[PDB]
>>> print(open('target-v4.pdb').read())   # PDB, C-alpha atoms
MODEL        1
ATOM      1  CA  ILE I   2      -3.391 -18.437  13.040  1.00  0.00           C
ATOM      2  CA  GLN I   3      -5.555 -16.020  11.072  1.00  0.00           C
ATOM      3  CA  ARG I   4      -3.941 -13.110   9.242  1.00  0.00           C
ATOM      4  CA  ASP I   5      -5.375  -9.760  10.291  1.00  0.00           C
ATOM      5  CA  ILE I   6      -5.832  -6.475   8.440  1.00  0.00           C
ATOM      6  CA  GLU I   7      -4.255  -3.322   9.828  1.00  0.00           C
ATOM      7  CA  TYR I   8      -4.163   0.346   8.860  1.00  0.00           C
ATOM      8  CA  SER I   9      -1.571   2.672  10.364  1.00  0.00           C
ATOM      9  CA  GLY I  10      -2.810   6.026  11.627  1.00  0.00           C
ATOM     10  CA  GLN I  11      -0.712   7.660   8.927  1.00  0.00           C
ATOM     11  CA  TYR I  12      -2.355   5.501   6.239  1.00  0.00           C
ATOM     12  CA  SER I  13      -5.761   6.978   6.994  1.00  0.00           C
ATOM     13  CA  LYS I  14      -4.356  10.506   6.668  1.00  0.00           C
ATOM     14  CA  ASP I  15      -2.647   9.514   3.415  1.00  0.00           C
ATOM     15  CA  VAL I  16      -5.900   8.161   1.977  1.00  0.00           C
ATOM     16  CA  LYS I  17      -7.748  11.381   2.827  1.00  0.00           C
ATOM     17  CA  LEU I  18      -5.017  13.429   1.132  1.00  0.00           C
ATOM     18  CA  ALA I  19      -5.167  11.267  -2.019  1.00  0.00           C
ATOM     19  CA  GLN I  20      -8.914  11.854  -2.117  1.00  0.00           C
ATOM     20  CA  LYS I  21      -8.418  15.610  -1.708  1.00  0.00           C
ATOM     21  CA  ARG I  22      -5.859  15.643  -4.526  1.00  0.00           C
ATOM     22  CA  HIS I  23      -8.317  13.892  -6.872  1.00  0.00           C
ATOM     23  CA  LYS I  24      -6.511  10.582  -7.219  1.00  0.00           C
ATOM     24  CA  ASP I  25      -8.497   7.700  -8.724  1.00  0.00           C
ATOM     25  CA  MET I  26      -9.331   5.955  -5.465  1.00  0.00           C
ATOM     26  CA  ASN I  27     -10.747   2.916  -7.229  1.00  0.00           C
ATOM     27  CA  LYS I  28      -7.203   2.020  -8.334  1.00  0.00           C
ATOM     28  CA  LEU I  29      -5.956   1.953  -4.753  1.00  0.00           C
ATOM     29  CA  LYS I  30      -9.048   0.067  -3.587  1.00  0.00           C
ATOM     30  CA  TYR I  31      -8.534  -2.630  -6.232  1.00  0.00           C
ATOM     31  CA  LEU I  32      -4.950  -3.213  -5.119  1.00  0.00           C
ATOM     32  CA  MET I  33      -5.951  -3.252  -1.455  1.00  0.00           C
ATOM     33  CA  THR I  34      -8.665  -5.817  -2.189  1.00  0.00           C
ATOM     34  CA  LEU I  35      -6.175  -8.161  -3.881  1.00  0.00           C
ATOM     35  CA  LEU I  36      -3.964  -8.000  -0.790  1.00  0.00           C
ATOM     36  CA  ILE I  37      -6.864  -8.394   1.666  1.00  0.00           C
ATOM     37  CA  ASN I  38      -8.185 -11.403  -0.281  1.00  0.00           C
ATOM     38  CA  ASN I  39      -4.721 -13.017  -0.515  1.00  0.00           C
ATOM     39  CA  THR I  40      -5.015 -12.999  -4.316  1.00  0.00           C
ATOM     40  CA  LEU I  41      -1.222 -13.176  -4.462  1.00  0.00           C
ATOM     41  CA  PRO I  42       1.262 -12.855  -6.044  1.00  0.00           C
ATOM     42  CA  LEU I  43       0.151  -9.485  -7.387  1.00  0.00           C
ATOM     43  CA  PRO I  44       0.229  -9.031 -11.144  1.00  0.00           C
ATOM     44  CA  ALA I  45       3.372  -7.588 -12.703  1.00  0.00           C
ATOM     45  CA  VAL I  46       1.842  -4.158 -13.428  1.00  0.00           C
ATOM     46  CA  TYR I  47       2.221  -3.248  -9.738  1.00  0.00           C
ATOM     47  CA  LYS I  48       6.019  -3.769  -9.801  1.00  0.00           C
ATOM     48  CA  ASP I  49       5.702  -5.159  -6.291  1.00  0.00           C
ATOM     49  CA  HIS I  50       8.970  -5.497  -4.362  1.00  0.00           C
ATOM     50  CA  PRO I  51      10.490  -5.444  -0.864  1.00  0.00           C
ATOM     51  CA  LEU I  52      11.998  -2.272   0.589  1.00  0.00           C
ATOM     52  CA  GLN I  53      15.203  -1.571   2.532  1.00  0.00           C
ATOM     53  CA  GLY I  54      16.631   1.215   4.677  1.00  0.00           C
ATOM     54  CA  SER I  55      14.057   2.908   6.904  1.00  0.00           C
ATOM     55  CA  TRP I  56      11.367   0.782   5.219  1.00  0.00           C
ATOM     56  CA  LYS I  57      13.035  -2.588   5.801  1.00  0.00           C
ATOM     57  CA  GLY I  58      10.379  -5.260   6.382  1.00  0.00           C
ATOM     58  CA  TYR I  59       7.831  -3.469   4.173  1.00  0.00           C
ATOM     59  CA  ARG I  60       6.917  -3.716   0.470  1.00  0.00           C
ATOM     60  CA  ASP I  61       6.301  -1.188  -2.320  1.00  0.00           C
ATOM     61  CA  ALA I  62       3.584  -1.526  -4.979  1.00  0.00           C
ATOM     62  CA  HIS I  63       2.934   1.114  -7.637  1.00  0.00           C
ATOM     63  CA  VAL I  64      -0.706   2.127  -8.030  1.00  0.00           C
ATOM     64  CA  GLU I  65       0.520   4.571 -10.717  1.00  0.00           C
ATOM     65  CA  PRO I  66       4.019   5.694 -11.745  1.00  0.00           C
ATOM     66  CA  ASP I  67       4.091   8.259  -8.909  1.00  0.00           C
ATOM     67  CA  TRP I  68       1.520   6.763  -6.553  1.00  0.00           C
ATOM     68  CA  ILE I  69       2.975   4.163  -4.197  1.00  0.00           C
ATOM     69  CA  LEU I  70       1.460   1.884  -1.576  1.00  0.00           C
ATOM     70  CA  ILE I  71       3.790   0.840   1.253  1.00  0.00           C
ATOM     71  CA  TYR I  72       2.491  -2.177   3.163  1.00  0.00           C
ATOM     72  CA  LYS I  73       3.730  -5.058   5.321  1.00  0.00           C
ATOM     73  CA  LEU I  74       2.733  -8.665   4.704  1.00  0.00           C
ATOM     74  CA  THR I  75       3.566 -11.608   6.946  1.00  0.00           C
ATOM     75  CA  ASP I  76       1.738 -14.840   7.753  1.00  0.00           C
ATOM     76  CA  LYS I  77       0.190 -13.015  10.726  1.00  0.00           C
ATOM     77  CA  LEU I  78      -0.608  -9.567   9.384  1.00  0.00           C
ATOM     78  CA  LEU I  79      -1.376  -7.370   6.429  1.00  0.00           C
ATOM     79  CA  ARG I  80      -0.680  -3.758   7.349  1.00  0.00           C
ATOM     80  CA  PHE I  81      -1.392  -0.794   5.087  1.00  0.00           C
ATOM     81  CA  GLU I  82       1.332   1.660   6.087  1.00  0.00           C
ATOM     82  CA  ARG I  83       1.542   4.685   3.762  1.00  0.00           C
ATOM     83  CA  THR I  84       0.364   5.842   0.370  1.00  0.00           C
ATOM     84  CA  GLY I  85       1.393   8.813  -1.756  1.00  0.00           C
ATOM     85  CA  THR I  86       4.132  10.070  -4.042  1.00  0.00           C
ATOM     86  CA  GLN I  87       7.611   8.608  -4.031  1.00  0.00           C
ATOM     87  CA  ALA I  88       8.917  11.951  -2.723  1.00  0.00           C
ATOM     88  CA  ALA I  89       6.450  12.047   0.171  1.00  0.00           C
ATOM     89  CA  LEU I  90       7.034   8.437   1.212  1.00  0.00           C
ATOM     90  CA  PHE I  91      10.805   8.168   0.723  1.00  0.00           C
ATOM     91  CA  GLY I  92      12.346  11.636   0.516  1.00  0.00           C
TER      92      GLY I  92
ENDMDL
END
>>> encode(input="target-v4.pdb", output="structure tokens")
Amino acid sequence: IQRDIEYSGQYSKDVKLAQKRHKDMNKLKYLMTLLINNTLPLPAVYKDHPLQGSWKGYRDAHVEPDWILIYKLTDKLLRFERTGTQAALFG
């Protein structure tokens, strides 16, 4: 068993929008690299935690106070699911 890396179609759109809105993409890249490299658990600054409701099975890390990464992590997969504001991702 080797864990894969996945990106939802929506994730790619979300990343393009973050770029367009002048977010500091290096901050998202750093977080993604920690996950990809299995340098886990993440440090406390990300406030990483599991989600419920429609996002049950996924996790929530804060890149910034209003910039969230939603991802799934199992033994088999790491999937980057969405990124953006809390309102966009949860509202």
>>> atom_distance(input="target-v4.pdb", atom1="atom CA of residue 43 of chain I", atom2="atom CA of residue 74 of chain I")
12.4 Å
>>> resolve_selection(input="target-v4.pdb", expression="the PyMOL selection byres ((chain I and resi 55-65) around 12)", output="number ranges by chain")
I: 19, 24-33, 35-36, 42-54, 66-75, 78-87, 90-92
>>> atom_distance(input="target-v4.pdb", atom1="atom CA of residue 77 of chain I", atom2="atom CA of residue 7 of chain I")
10.7 Å
>>> atom_distance(input="target-v4.pdb", atom1="atom CA of residue 15 of chain I", atom2="atom CA of residue 88 of chain I")
13.3 Å
>>> closest_residue(input="target-v4.pdb", among="I:18, I:89, I:8, I:23", to="residue 37 of chain I", atoms="only C-alpha atoms")
I:8
>>> build_atoms(input="target-v4.pdb", residues="segment 19-55 of chain I", atoms="N, CA and C atoms", output="PDB file, in the frame of the given file")
ATOM      1  N   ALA I  19      -5.015  11.751  -0.644  1.00  0.00           N
ATOM      2  CA  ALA I  19      -5.167  11.267  -2.019  1.00  0.00           C
ATOM      3  C   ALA I  19      -6.543  11.636  -2.559  1.00  0.00           C
ATOM      4  N   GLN I  20      -7.561  11.474  -1.723  1.00  0.00           N
ATOM      5  CA  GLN I  20      -8.914  11.854  -2.117  1.00  0.00           C
ATOM      6  C   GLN I  20      -8.992  13.339  -2.445  1.00  0.00           C
ATOM      7  N   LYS I  21      -8.434  14.160  -1.555  1.00  0.00           N
ATOM      8  CA  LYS I  21      -8.418  15.610  -1.708  1.00  0.00           C
ATOM      9  C   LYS I  21      -7.702  16.031  -2.987  1.00  0.00           C
ATOM     10  N   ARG I  22      -6.650  15.301  -3.346  1.00  0.00           N
ATOM     11  CA  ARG I  22      -5.859  15.643  -4.526  1.00  0.00           C
ATOM     12  C   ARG I  22      -6.384  15.008  -5.813  1.00  0.00           C
ATOM     13  N   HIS I  23      -7.571  14.407  -5.724  1.00  0.00           N
ATOM     14  CA  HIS I  23      -8.317  13.892  -6.872  1.00  0.00           C
ATOM     15  C   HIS I  23      -7.691  12.665  -7.513  1.00  0.00           C
ATOM     16  N   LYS I  24      -6.992  11.864  -6.711  1.00  0.00           N
ATOM     17  CA  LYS I  24      -6.511  10.582  -7.219  1.00  0.00           C
ATOM     18  C   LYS I  24      -7.686   9.637  -7.490  1.00  0.00           C
ATOM     19  N   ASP I  25      -7.485   8.710  -8.418  1.00  0.00           N
ATOM     20  CA  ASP I  25      -8.497   7.700  -8.724  1.00  0.00           C
ATOM     21  C   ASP I  25      -8.498   6.630  -7.636  1.00  0.00           C
ATOM     22  N   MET I  26      -9.377   6.795  -6.653  1.00  0.00           N
ATOM     23  CA  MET I  26      -9.331   5.955  -5.465  1.00  0.00           C
ATOM     24  C   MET I  26      -9.679   4.503  -5.765  1.00  0.00           C
ATOM     25  N   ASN I  27     -10.446   4.281  -6.827  1.00  0.00           N
ATOM     26  CA  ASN I  27     -10.747   2.916  -7.229  1.00  0.00           C
ATOM     27  C   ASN I  27      -9.491   2.098  -7.538  1.00  0.00           C
ATOM     28  N   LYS I  28      -8.438   2.744  -8.036  1.00  0.00           N
ATOM     29  CA  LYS I  28      -7.203   2.020  -8.334  1.00  0.00           C
ATOM     30  C   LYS I  28      -6.529   1.526  -7.057  1.00  0.00           C
ATOM     31  N   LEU I  29      -6.547   2.354  -6.019  1.00  0.00           N
ATOM     32  CA  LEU I  29      -5.956   1.953  -4.753  1.00  0.00           C
ATOM     33  C   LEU I  29      -6.814   0.870  -4.102  1.00  0.00           C
ATOM     34  N   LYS I  30      -8.131   1.045  -4.164  1.00  0.00           N
ATOM     35  CA  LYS I  30      -9.048   0.067  -3.587  1.00  0.00           C
ATOM     36  C   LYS I  30      -8.876  -1.312  -4.233  1.00  0.00           C
ATOM     37  N   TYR I  31      -8.677  -1.347  -5.549  1.00  0.00           N
ATOM     38  CA  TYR I  31      -8.534  -2.630  -6.232  1.00  0.00           C
ATOM     39  C   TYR I  31      -7.295  -3.375  -5.740  1.00  0.00           C
ATOM     40  N   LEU I  32      -6.189  -2.648  -5.628  1.00  0.00           N
ATOM     41  CA  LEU I  32      -4.950  -3.213  -5.119  1.00  0.00           C
ATOM     42  C   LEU I  32      -5.113  -3.700  -3.684  1.00  0.00           C
ATOM     43  N   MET I  33      -5.711  -2.861  -2.840  1.00  0.00           N
ATOM     44  CA  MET I  33      -5.951  -3.252  -1.455  1.00  0.00           C
ATOM     45  C   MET I  33      -6.789  -4.522  -1.358  1.00  0.00           C
ATOM     46  N   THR I  34      -7.798  -4.639  -2.212  1.00  0.00           N
ATOM     47  CA  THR I  34      -8.665  -5.817  -2.189  1.00  0.00           C
ATOM     48  C   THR I  34      -7.896  -7.093  -2.556  1.00  0.00           C
ATOM     49  N   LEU I  35      -6.993  -7.000  -3.528  1.00  0.00           N
ATOM     50  CA  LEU I  35      -6.175  -8.161  -3.881  1.00  0.00           C
ATOM     51  C   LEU I  35      -5.345  -8.628  -2.690  1.00  0.00           C
ATOM     52  N   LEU I  36      -4.750  -7.677  -1.975  1.00  0.00           N
ATOM     53  CA  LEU I  36      -3.964  -8.000  -0.790  1.00  0.00           C
ATOM     54  C   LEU I  36      -4.832  -8.589   0.330  1.00  0.00           C
ATOM     55  N   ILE I  37      -5.957  -7.935   0.612  1.00  0.00           N
ATOM     56  CA  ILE I  37      -6.864  -8.394   1.666  1.00  0.00           C
ATOM     57  C   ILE I  37      -7.359  -9.810   1.380  1.00  0.00           C
ATOM     58  N   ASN I  38      -7.665 -10.093   0.114  1.00  0.00           N
ATOM     59  CA  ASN I  38      -8.185 -11.403  -0.281  1.00  0.00           C
ATOM     60  C   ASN I  38      -7.110 -12.471  -0.482  1.00  0.00           C
ATOM     61  N   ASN I  39      -5.842 -12.096  -0.292  1.00  0.00           N
ATOM     62  CA  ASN I  39      -4.721 -13.017  -0.515  1.00  0.00           C
ATOM     63  C   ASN I  39      -4.680 -13.536  -1.953  1.00  0.00           C
ATOM     64  N   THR I  40      -5.071 -12.674  -2.891  1.00  0.00           N
ATOM     65  CA  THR I  40      -5.015 -12.999  -4.316  1.00  0.00           C
ATOM     66  C   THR I  40      -3.608 -12.660  -4.811  1.00  0.00           C
ATOM     67  N   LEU I  41      -2.649 -13.461  -4.343  1.00  0.00           N
ATOM     68  CA  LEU I  41      -1.222 -13.176  -4.462  1.00  0.00           C
ATOM     69  C   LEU I  41      -0.484 -14.385  -5.050  1.00  0.00           C
ATOM     70  N   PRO I  42       0.606 -14.147  -5.805  1.00  0.00           N
ATOM     71  CA  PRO I  42       1.262 -12.855  -6.044  1.00  0.00           C
ATOM     72  C   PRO I  42       0.486 -11.865  -6.907  1.00  0.00           C
ATOM     73  N   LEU I  43       0.708 -10.581  -6.616  1.00  0.00           N
ATOM     74  CA  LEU I  43       0.151  -9.485  -7.387  1.00  0.00           C
ATOM     75  C   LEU I  43       0.604  -9.564  -8.836  1.00  0.00           C
ATOM     76  N   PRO I  44      -0.223  -9.047  -9.749  1.00  0.00           N
ATOM     77  CA  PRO I  44       0.229  -9.031 -11.144  1.00  0.00           C
ATOM     78  C   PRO I  44       1.392  -8.059 -11.348  1.00  0.00           C
ATOM     79  N   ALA I  45       2.125  -8.286 -12.435  1.00  0.00           N
ATOM     80  CA  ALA I  45       3.372  -7.588 -12.703  1.00  0.00           C
ATOM     81  C   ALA I  45       3.224  -6.075 -12.802  1.00  0.00           C
ATOM     82  N   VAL I  46       2.051  -5.594 -13.217  1.00  0.00           N
ATOM     83  CA  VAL I  46       1.842  -4.158 -13.428  1.00  0.00           C
ATOM     84  C   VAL I  46       2.115  -3.341 -12.157  1.00  0.00           C
ATOM     85  N   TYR I  47       1.971  -3.964 -10.988  1.00  0.00           N
ATOM     86  CA  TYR I  47       2.221  -3.248  -9.738  1.00  0.00           C
ATOM     87  C   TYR I  47       3.699  -3.119  -9.369  1.00  0.00           C
ATOM     88  N   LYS I  48       4.578  -3.840 -10.064  1.00  0.00           N
ATOM     89  CA  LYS I  48       6.019  -3.769  -9.801  1.00  0.00           C
ATOM     90  C   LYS I  48       6.324  -3.986  -8.321  1.00  0.00           C
ATOM     91  N   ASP I  49       5.604  -4.926  -7.720  1.00  0.00           N
ATOM     92  CA  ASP I  49       5.702  -5.159  -6.291  1.00  0.00           C
ATOM     93  C   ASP I  49       7.088  -5.660  -5.892  1.00  0.00           C
ATOM     94  N   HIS I  50       7.641  -5.096  -4.822  1.00  0.00           N
ATOM     95  CA  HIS I  50       8.970  -5.497  -4.362  1.00  0.00           C
ATOM     96  C   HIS I  50       9.226  -5.096  -2.918  1.00  0.00           C
ATOM     97  N   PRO I  51      10.152  -5.800  -2.246  1.00  0.00           N
ATOM     98  CA  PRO I  51      10.490  -5.444  -0.864  1.00  0.00           C
ATOM     99  C   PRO I  51      11.314  -4.162  -0.794  1.00  0.00           C
ATOM    100  N   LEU I  52      11.258  -3.502   0.358  1.00  0.00           N
ATOM    101  CA  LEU I  52      11.998  -2.272   0.589  1.00  0.00           C
ATOM    102  C   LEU I  52      13.125  -2.480   1.601  1.00  0.00           C
ATOM    103  N   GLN I  53      14.086  -1.562   1.582  1.00  0.00           N
ATOM    104  CA  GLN I  53      15.203  -1.571   2.532  1.00  0.00           C
ATOM    105  C   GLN I  53      15.326  -0.231   3.241  1.00  0.00           C
ATOM    106  N   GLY I  54      16.438  -0.025   3.944  1.00  0.00           N
ATOM    107  CA  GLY I  54      16.631   1.215   4.677  1.00  0.00           C
ATOM    108  C   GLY I  54      15.580   1.391   5.754  1.00  0.00           C
ATOM    109  N   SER I  55      15.062   2.610   5.891  1.00  0.00           N
ATOM    110  CA  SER I  55      14.057   2.908   6.904  1.00  0.00           C
ATOM    111  C   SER I  55      12.778   2.091   6.715  1.00  0.00           C
TER     112      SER I  55
END
